[PDB]
Every structure is written in C-alpha cells, then in structure tokens.
C-alpha cells in the first residue's frame, strides 16, 4: 500500500496552521490499512519503534507505545474530580482508550461513547487491541451519531464528560467555544466534570487563554493541565478540566487510591502527577492568570 503522508519509509505529519515550521516523523515498518470512511481518511501503519499508529485525516491520533499518557490524563483528571461518578461519556473516543481508563473506576455504572465514525471503532478493534479491549467490558455503551444531538437528548445525565477530539482552531471554533461548553454543561449532573482536549502551551497559548475565558463563562471551576506525549509535535498537549461545582478544586485530586493500586492500574497518572499537571511554566502561568 501507499499513502501521501509516507515517503521513503517515513511518516510525516505537517500542518502550517497547527504546528507552523515543525513536524513529527516516524519510521514506518509496514502500512497495514488505508480506507476513506464516510467521514475521513483512515490510515494504520506499523511503526518500527512505536507499535501500530492510527492516523486520521493525516494527523496522528495514537501510537500503541505512548497512547497511555493521553488516555490516562484526560480520563482520570476528570474522574477523580467527581465525588462518585456513575454515568460517564466520552465524545470522539473511537479508539477505545479513554473507555479503558473509565472502567477502571468501580463506581462507574455506564461508560458511554459517542462517536460519528464506525470505521474508527472497527479499525481500532483490529489494530489497537490494548485500547479497544474496552469494548468487551459490560459497562460500555456505544452511540454512533452526532455528539451535539446526543447531548440534547441526555440533559442532566452525565457525571463526567470527556471530549477526546482535536480542538478546532479557526476563528469559527474561537467564537463557538462558549456555545460548546454550554452544551456540555446541560448534559452534566449538578457536580459534573468535563475534560476537553486543548492545545500545547508551547505553540498555542493564545488559544488556551481563549478557552480558559470561554470555560469561565460557563463553569465556576476551571483549570488547565497538560501531559507529555513523545510522538506529538512539541511533545505535549493540554486539557481544560472544569466542574459545575464551585466547591471543588480540580487541581488537587478530590479522590485517589493507594500508591500500590496506582502502580497496578496506571502507567502515567497518579495523585501527585494530578497536582503537578496544573503547575505551569512561569510565562504560561502569568499569561493565564
């Protein structure tokens, strides 16, 4: 097989808008799958050093080697900021990774996925088995469809909502951030928590500042956290973590487990990392104050 992103045995992800003037490249052992779904270009290749790689519309989504950092941080930052999460939703979690993290929490009764593209779920089951094993968990429920319409049908339903979806970055996304957070707010229960993929503070601090402002218009409790991902450009990405409960501090874990069971359950997240992930470099902290 061939793919435009793969030349002379190396995958390259480039974006003049997302990451101006820098790229990430990964050595390709073999292309495993390429299809055009009803929604997007779907590429899977086996990399030589990071396991299988899922690429959607030419942007890396996960590699098997380092996916756990993102999945764990976006999920457990939010779940451990709710006193007793019973119904949880991930929007855009087709690869199964966030669902895998959700069902680690015993209190959870239902782990919902809302994703638009069945093709992503199908290829993740075949090529990302350590992520998509979550689909065999009894608590997992999958809705195929538009996330925005699901949220209207399920007002005051979810204790935690996780948006596992690239932060749109144009002037259109900028103006509609607040509208999207208000949509999430309506689907949350009274102390509901959200975590949303944001941006890397090294390259898009102005977008993060905008996201923080939009979040504060909707939620009384707003924080920005980040995690490191060696295959993502700049090497990290951030998350907005917000709660409808004015009384919670999302920057210190409301709930935690013993260090022994953290070591059995998590490879990146723990109660100390939870706090450290909101500790930002001086120039970022000052700009977001």
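Positions refer to the first chain, counted from 1.
- Stretches 236 to 244 and 25 to 33 differ in mean CA B factor, with 25 to 33 having the higher one.
- As listed in the deposited structure, the average C-alpha B-factor of 280 to 288 and of 3 to 11 is greater for 3 to 11.
- Within the listed group 260, 249, 67, 49, the record reports its top CA B-factor for 260.
- Taking the deposited Cα B-factors for 174, 185, 124, 81, the highest one is held by 174.
- Per-chain ranking of the deposited C-alpha B factor places residue 218 in the middle third.
- Ranked against the other modelled residues of its chain, the C-alpha B-factor of residue 55 as given in the entry falls in the middle third.
- Among the modelled residues of its chain, residue 229 has a C-alpha B-factor that falls in the lowest third according to the deposited record.
- In this PDB entry, the Cα temperature factor of residue 156 sits in the middle third of its chain's modelled residues.
- Looking at the C-alpha B-factors along this chain, the one for residue 170 belongs to the highest third.
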